[PDB]
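First structure 1, then structure 2: two forms of the same chain, each alone, as structure tokens.
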Structure 1
């Protein structure tokens, strides 16, 4: 899993060498940033249900056909609404994982790898999830560098869908 620590070790290991002071500085940078990352993770976790429900309603109001049209890929029935809220919770949960790990590893491994294939196969529009992520960005209530950390990983997911 990609974290600043595993990335430093992989760099040294590729080269058959001990960790050098370059890699140790990188890990200390991760330790100093962790206070902001963990503040964001706690706030997103504590408000997770409201963020998920609000994000889903944002998508339904931006794309009202998703609650109107018949289809296994749509949220016009309880099955589809449950699928959608589930997916949005996956995004939020794995974003908090990335904040805790200090890198994109969790998003890369658990969600982004295979993302395009899944959206094509099940006819899910990436624009739906971009809108959900924009809602979370606008409503997490963070400021300072904790907001910077949350927005960086939200924007990372948006770019993967764009």
Structure 2
């Protein structure tokens, strides 16, 4: 919901002022990293299923009980594994949203808001998703500024879980 440009423009219109030079430089900085953020979003989108399966398997190997113990919260049956892949897809989709927007707005609204309440209500462990995000970070195949932006948002999500 929140992007840098929109917040700046709304505040300026409330005050009835032109945008300050600091605001202009912030928006210019967002635009200067926009091509790398676009490359990062394209990489994450085109390799989404491979990254999701790798991350889910990494969780399964770091937390083996999740594949052995019966119960709704775990991934013993195919339903639980599908739910796990779906959760990781949630994270990756909102990460691409934040990359496209060039800010933490999408992650703050669609994911982080109440995240701990969600994980505790359905007995989900945050370390699972931390490890899945570590896997996605270490396997996105990005280089340069695109890797920097992708890592920025992945680390943001990780910190939200931490």
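Only the largest set of C-alpha atoms that superpose within 1.5 Å between the two forms is called the rigid core. Numbering follows the first chain given and starts at 1.
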Just one entry of 145, 20, 152, 139 has its C-alpha move 2 Å or more between structure 1 and structure 2 under rigid core superposition, and it is 20
In Å, how large is the C-alpha displacement of residue 76 between structure 1 and structure 2 after the rigid core is aligned? 0.6
Fit the two forms on their core, then tell me the C-alpha shift of residue 6 between structure 1 and structure 2 in angstrom. 1.9
